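In: Show me the folded form of this:
(chains A, B, C, D and E)
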Amino acid sequence: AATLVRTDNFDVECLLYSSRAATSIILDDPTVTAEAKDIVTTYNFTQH
Amino acid sequence: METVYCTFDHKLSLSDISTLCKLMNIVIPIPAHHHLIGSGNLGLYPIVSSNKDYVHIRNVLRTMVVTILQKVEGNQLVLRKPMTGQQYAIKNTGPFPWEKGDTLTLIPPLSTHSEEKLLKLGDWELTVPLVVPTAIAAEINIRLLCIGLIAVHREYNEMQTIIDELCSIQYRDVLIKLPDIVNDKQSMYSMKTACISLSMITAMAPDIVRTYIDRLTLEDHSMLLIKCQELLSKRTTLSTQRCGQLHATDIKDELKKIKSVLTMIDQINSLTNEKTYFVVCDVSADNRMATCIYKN
Amino acid sequence: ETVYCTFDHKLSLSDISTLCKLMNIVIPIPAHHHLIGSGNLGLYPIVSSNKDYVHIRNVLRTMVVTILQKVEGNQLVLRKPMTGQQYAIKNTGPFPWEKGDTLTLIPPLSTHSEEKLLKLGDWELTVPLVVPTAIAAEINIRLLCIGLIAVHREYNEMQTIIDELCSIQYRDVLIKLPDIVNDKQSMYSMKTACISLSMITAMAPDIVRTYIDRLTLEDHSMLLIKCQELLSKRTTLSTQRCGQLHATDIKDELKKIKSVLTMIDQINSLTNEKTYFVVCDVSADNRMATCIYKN
Amino acid sequence: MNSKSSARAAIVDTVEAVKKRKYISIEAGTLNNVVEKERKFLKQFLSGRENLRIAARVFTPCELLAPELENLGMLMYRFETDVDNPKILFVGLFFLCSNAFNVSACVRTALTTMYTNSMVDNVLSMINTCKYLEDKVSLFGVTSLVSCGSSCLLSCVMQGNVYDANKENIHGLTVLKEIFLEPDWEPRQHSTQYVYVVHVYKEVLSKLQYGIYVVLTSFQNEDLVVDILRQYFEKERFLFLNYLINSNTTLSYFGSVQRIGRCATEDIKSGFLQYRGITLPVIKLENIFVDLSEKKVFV
Amino acid sequence: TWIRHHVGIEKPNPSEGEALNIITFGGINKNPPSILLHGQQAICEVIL
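Out: Numbers count the residues shown, from 1 in each chain, chains lettered A, B, ... in the order given. There you are, the coordinates:
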C-alpha cells in the first residue's frame, strides 16, 4: 500500500494587530550618492 | 572621435523617422572610423550583396567597428563609439528572453521569412546585426562546422536529409534556422585545423584516459555512462589499445601529455568560440533594453 | 558604484577584529546589486550547497568580483572594480606575489578548517584563492590527474603516486592538495570533467579517420600525409576487428561529431583561466599588492 | 554670439575640467592658525587623477641592459629565477632577440658585440637551458626613466602613454626592423593599428629556437589575427607537429600572440639606433597607448 | 530501457547537445505543459 503525501498552497489574506508604540525606529537622514557614467548618471538614495 | 555623425544621402519620410525614433540604442557597426559618414557606410548593407555568405559576413563583422545609436535628430544621427569597461544600455533585436548576468556576442542577421520592417530606402537598407548570447553563438558556429564536415561527405539528398534535421535549432523556446550555407573554401581552412587538433588529441592522449572510461564502467553505473557506452560501442573503427604498460612512475610525462590535450582542446574551442562583446547586468521587465558594462 | 552588506546575526569582537584583519580581499558576488545580506555574500551559497567542480569553476568565471574597502559599524563596503584601473588586494593565498604577474581566481581548499574564516550561524565565508596563472594551470592539471587515477583499483604504487601528485612546489612555498583519494571529505568530484576529456580522446580518432579520406581539396599541404602519420603513431594497429565492418550512417556520423563538439564547449570552463589582475607593485613583507583590474 | 566666443567657452571648460580632476575643494573649515605654505597647499590640494598612466618602479642589474638605458622606450621581459636573492630579472627586447632565430647573422653578431659580458652570457645560457620560453619569461611593459645607477632603477608602463613625468616628450616603442612584419590584405589599412607580439618556436634538429615577431594590424580581434597567422606559418606548424610528440619537453604549442597597444598610422616612422657606433635599423612607433591581453597560444 | 518504456518517461535527447549536461546538472528538463488549468501540483511517495 502507500501513503501519498501532497502539499497545497492557498491565497490567503491575513490581518495583523499590534499594540501602539510597540517598536521604535531610529533612522538616518537619507544619504545621496551619484554615479556619473558615460550615457547616464544614476542618483542613489540610501537610508538606514 | 568617439562621436560619429551619420547624415542620410537619400531623403526620408515621417514613418522612417518614427522607426528611427523607435530604433534607438541599437548596436550598429561602421567601417569608416571618421567623424562624418554618409548613408553608404552606415550598417551592414554595403557588404551584404557579396554572396551573402554567412562565414564571410561573420568575418567582416568581426573586422567592423561597433557603435551605439544616439539622438536621432532630423536627418542627422549620432553614433557613440563605446569605451572599454563602461556601462551602456542596449535595445535588443535578437529573439531571446535575455536572462541577466550573461555574456553577449554580435552575430550576422539570420534572414527570417518576414522582410525587415525597419528601413528600406532607395536600394539601401539598414542591415543591423543581431545581438545574441555566447552559448547560441557557439552553437551556430558548431552547426557551420558540422555542415562543413558533412559537405565533406559528398552525397545527393543525404545533404538535405542532414540539413532539415540539423538546421532548425531551439534555444530558450525560440526556433531559428540558417539556410544557404554554400560551403565555400574559406570554411575549409577552419576545418583543416580542427582535423589537425583532433589528430593531436588522438596521438598525445595518455594511457590513463581511455582506461578511465573502462574502469569507471567497471566500478559505477549511471545514465551518463550508459550513453557513453552507446557512443563507444556504436563507433569502433579504430579504438586501438596501447596495452602493455603499468601506470609506472612516468607521472611528469603524464602531466605534459594532459597539458597538451587541454591545449588542443583550447585550440578547437578558440575556433568554435566567438568574442564576447557585452556583459549584462540589468534588464528591464520588457526584456527590450538591457544594460552592459563591457567593451572589448 | 559601491555595495553595502549587512550581517544577518550578531557578530563577536573576534569577528569584527577578523574583518579588520581582512579589510582588503576579493569577494565573489552573484548579483550585480547594491544592498546585499550576509546570506548571499561569499561563495558558500554556491560551493558545497549547489553544483560541484566544473559548475563551480564556470560560476566563478561568471560571478562579480568585488573587493572589500572599509568595515562600518556592522556593515561591509565593497567596491566593485572597473577595467583598466588600479586597486589594492591583500595577500591571503600562500604563493608569494611578484611584480608583473598575472593573477586569477581558483576555487579554494574543499572543506578545510582555518576557522572557515568565519563561522556564523551555519554559514561560512569562502573566498577564491588569488594565485598566479602558471600555478593555476598546474593545479588544474594535477586535479585532473588525481581525478583520473582515483577510479583505478589494484594499483600498488597508488599511495606514493598520490603523494607525488599532491605535493607541489612553487617559489619555495609548498602545499599539499587536499584531494588525496580515499579520504573523501570533498573532492569536487571531477567526474563530468574526466568523462568529457575521455569522450574527447576516445571519440576523436574515428571522426578524424573518417574525414581523412576526404581531407583537403585533392591537392594538399601536409593534410593527408603528416596527419596520417599522427594517426598511425597512436594507432599503428588500425582497424582490425572493425566491430560493424564499415556500415555507417550519415546521421550516426552527424551525432558523433555533434557530441564531440558538445564536449568542448562544455569543458570551456577548464579551457581558459582569465587574468583577473596584473600586479604592478608589491608592498614590503608581501602583505598586500597594488594591481590593476582586467576582464 | 561670436564663434570665437563659444570656442573660448569650450577651451575654458576643458581647462576647468582638468582643474576639477586635479585639485579638490576642501570643506574643512580651515581656521587661521596655519603657516602660509600649509595655507596655499590647502588651497591647491593636488591628487593623482591627472596622470592616467600606470607605471612601476623596477630594480635590475645594470649589466644586462646595454642599448636600453641610453635609448628610452623598449619592451621588457620578466624572467623569474629559482634563485631566492633576486626572484625576478628584467630582460631587454633586443637581449632576447639575440637568440631569437629570425635575426640574421650580421645583426645578431652586432647585437652580441653589444651584449658581450659574463652576466649577460650566463643569462643567455639560462634562457637557452630552460625548456620552453613563454612562461619563464613574460611580457612586462614599456621602458621609461632609466636610472643608470649602481643597480639600475627602471620605471615601466603597464597602461597608457609612455612618459615619466610632466606629460612631456612621450616616448615610443622601439621594435627592430627585422623582427616585425605585417600580414594584411592591405598594409596600414585605414587608421590606427594595434601592435602585437608573436612568439614562434623552431626545432633545428637538436633543441628549440624561439622567434620573436611583431605584427602591426588593423584587426583588433585575436581570433582574426591567429587565423591570419596560421595562414602565414602553415609550413613550420606542420614540421613542429611532427616534432612535439617525439619531444618530451613540457610545451604544448607553436606560438603565442599578445597585444602591446594602440598606435597611429601617421606616427609610424623608421630610423636607426646606435650604441658604441653600431648602426642598427629600427622601426620607431611614436605614440603608444600600451595595453595588454592574456597570451593566446596557437599550435 | 524497458523500465523507461513502461514507466513512460522520454529519453532526453536523440542528438546529444550540452543541454544534456544542463539536464543532468540540473535544469528545466521537461518542457512545461502546453495546457494548464488549476496551477501547481506535486505528490510524493511512501511505500507501505
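
In: Would stretch B:212-221 count as contacting chain C?
Out: Yes: Stretch B:212-221 is in contact with chain C by CB under 8 Å from any CB of the partner chain, via B:212-213, B:215-216, B:219. To be clear about C-beta, it is placed using only N, CA and C from the backbone, and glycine gets the same treatment.

In: Now which of the residues you listed would you call buried?
Out: Buried members of these, counted by 16 or more other CB atoms under 10 Å in any protein chain shown: B:212-213, B:215-216.

In: Farthest-apart pair in the residues you listed, please.
Out: Using CB to CB, the two most remote members of those are B:213 and B:215, lying 7.5 Å apart.

In: can you map out the helices along chain B?
Out: Secondary structure of chain B (DSSP state H): helices at B:14-22, B:54-63, B:134-151, B:158-166, B:185-204, B:207-219, B:223-234, B:251-272.

In: Is the fourth one in proximity to chain C?
Out: If I follow you right, that is helix B:158-166. Yes: Helix B:158-166 is in contact with chain C by CB under 8 Å from any CB, via B:158, B:161-162, B:165-166.

In: by how many degrees do that helix and helix C:250-266 diverge?
Out: Helix B:158-166 runs at 50 degrees relative to helix C:250-266, counting by axes from the mean of the first three to the mean of the last three CA atoms, to 10 degrees.

In: Contacts for helix B:158-166, please.
Out: Here helix B:158-166 makes contact (CB atoms under 8 Å, 6 or more residues apart in numbering or on different chains) with B:143, B:146-147, B:150-151, B:179, C:250-251, C:254, E:15.

In: can you check stretch B:5-17 too?
Out: B:35-42, B:72, B:75-79, B:119, B:121-122, B:124.

In: what's the neighbour count on the residue of chain A found nearest chain C?
Out: Scanning chain A for proximity to chain C using CB to the nearest CB identifies residue A:35 as nearest, at 5.4 Å. Other residues lying near residue A:35 total 12 when counted by other CB atoms under 10 Å in any protein chain shown.

In: do residue D:197 as well
Out: 20.

In: Residue D:180 too?
Out: That count, for residue D:180 with other CB under 10 Å as the rule, works out to 19.

In: now swap in residue E:43 and tell me
Out: 8.

In: and the closest residue in space to it that isn't next to it in sequence, backbone torsions?
Out: Nearest residue to residue E:43, sequence neighbours excluded (CB to CB, 6 or more residues apart in numbering or on different chains): residue A:6, at 4.6 Å. Dihedral pair for residue A:6: phi -160, psi 140, per degrees, to the nearest 10.

In: before we move on, back to that, dump the residues of helix B:158-166 next to chain C into JSON lines; add neighbour count and distance to residue D:108 as well.
Out: Output for these, formatted as JSON lines (neighbours: other CB atoms under 10 Å in any protein chain shown; distance: CB to CB, whole Å):
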{"residue": "B:158", "neighbour count": "14", "distance to residue D:108": "58"}
{"residue": "B:161", "neighbour count": "14", "distance to residue D:108": "60"}
{"residue": "B:162", "neighbour count": "20", "distance to residue D:108": "55"}
{"residue": "B:165", "neighbour count": "12", "distance to residue D:108": "59"}
{"residue": "B:166", "neighbour count": "18", "distance to residue D:108": "54"}
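
In: residues from chain E in reach of chain B?
Out: Counting by CB under 8 Å from any CB, chain E comes close to chain B at E:15-17, E:24.

In: any idea how far residue D:13 is from chain B?
Out: Using CB to the nearest CB, to the nearest Å, residue D:13 is found at 17 Å from chain B.

In: name the element that residue belongs to?
Out: helix D:3-22 (DSSP states H and E).

In: does that helix come close to chain C?
Out: No: using CB under 8 Å from any CB, helix D:3-22 never reaches chain C; the gap is at least 14.1 Å.

In: How about that helix and chain A, any contact?
Out: No: counting by CB under 8 Å from any CB, chain A has no neighbours in helix D:3-22; the shortest distance is 11.6 Å.

In: next SSE after that helix?
Out: Next along from helix D:3-22, by DSSP H and E: helix D:36-44.

In: could I get the residues of stretch B:212-221 next to chain C as CSV with distance to residue D:154?
Out: Below are those laid out as CSV (distance: CB to CB, whole Å):
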residue, distance to residue D:154
B:212, 49
B:213, 53
B:215, 54
B:216, 54
B:219, 57
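
In: Out of the contacts of stretch B:5-17, which end up buried?
Out: B:37, B:39, B:42, B:72, B:77, B:79, B:119, B:124.

In: quick one, what contacts residue 31?
Out: Since you didn't name a chain, this refers to chain A. Residue A:31 touches A:45-47, counting by CB under 8 Å, 6+ apart.

In: about what we covered before: quick one: which of the helices of chain B is nearest residue D:6?
Out: Closest to residue D:6 of the helices of chain B is helix B:14-22 (CB to CB; 28.6 Å).

In: any idea how far chain C is from residue E:9?
Out: From residue E:9 to chain C the distance is 21 Å (CB to the nearest CB).

In: Correction: the previous question concerned residue B:208.
Out: Separation of residue B:208 from chain C (CB to the nearest CB) stands at 5 Å.

In: again, but for residue B:1
Out: According to CB to the nearest CB, residue B:1 and chain C sit 18 Å apart.

In: Give me every residue in chain E that's in contact range of chain A.
Out: Near chain A, when you scan chain E using CB under 8 Å from any CB, you find E:40-48.

In: Tell me the residues on chain D that lie near chain C, please.
Out: By CB under 8 Å from any CB, the part of chain D that sits against chain C consists of D:54-58, D:78, D:80, D:84, D:87-88, D:135, D:138, D:140-141, D:158-159, D:234-235, D:238, D:241-242, D:245, D:292, D:294.

In: Inside helices: which ones of the residues you listed?
Out: Short answer: these in helices (DSSP H) are D:234-235, D:238, D:241-242, D:245.

In: ok so, going back, so which of the helices of chain B comes closest to residue D:121?
Out: Among the helices of chain B, helix B:251-272 comes nearest to residue D:121, with 29.9 Å by CB to CB.

In: does the closest one come close to chain C?
Out: Yes: interface with chain C: helix B:251-272 contributes B:251, B:254-255, B:258-259, B:261-262, B:265-266, B:268-269, B:272 (CB under 8 Å from any CB).

In: Switch those residues over to TSV; also include neighbour count and distance to chain E.
Out: Below are these laid out as TSV (neighbours: other CB atoms under 10 Å in any protein chain shown; distance: CB to the nearest CB, whole Å):
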residue	neighbour count	distance to chain E
B:251	16	29
B:254	22	26
B:255	18	26
B:258	23	21
B:259	19	24
B:261	24	19
B:262	21	18
B:265	23	14
B:266	24	17
B:268	22	14
B:269	18	12
B:272	21	12
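
In: Max pairwise distance over these: which two?
Out: Largest separation among the residues of helix B:251-272 next to chain C by CB to CB: B:251 and B:272, giving 31.5 Å.

In: Now do the buried residues in stretch D:164-180.
Out: Buried residues in stretch D:164-180, defined by neighbour count with 16+ other CB under 10 Å: D:164, D:170-180.

In: Convert the C-alpha atoms of that stretch to CSV, please.
Out: Below are the C-alpha coordinates for stretch D:164-180, written out as CSV (Å, rounded to 0.1, in the frame of the first residue of the first chain):
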residue,chain,number,x,y,z
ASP,D,164,57.8,59.7,-17.0
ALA,D,165,56.6,63.0,-15.6
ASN,D,166,55.2,66.4,-16.7
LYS,D,167,53.4,64.6,-19.7
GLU,D,168,56.2,65.8,-22.0
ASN,D,169,58.3,64.1,-24.7
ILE,D,170,56.1,60.9,-24.9
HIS,D,171,58.5,58.1,-25.9
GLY,D,172,57.7,55.4,-28.3
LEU,D,173,58.2,51.6,-28.6
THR,D,174,61.4,50.7,-30.5
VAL,D,175,60.9,47.4,-32.3
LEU,D,176,63.7,46.1,-34.5
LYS,D,177,63.1,46.3,-38.3
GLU,D,178,64.0,42.7,-38.9
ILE,D,179,61.7,41.2,-36.3
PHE,D,180,58.5,42.9,-37.4
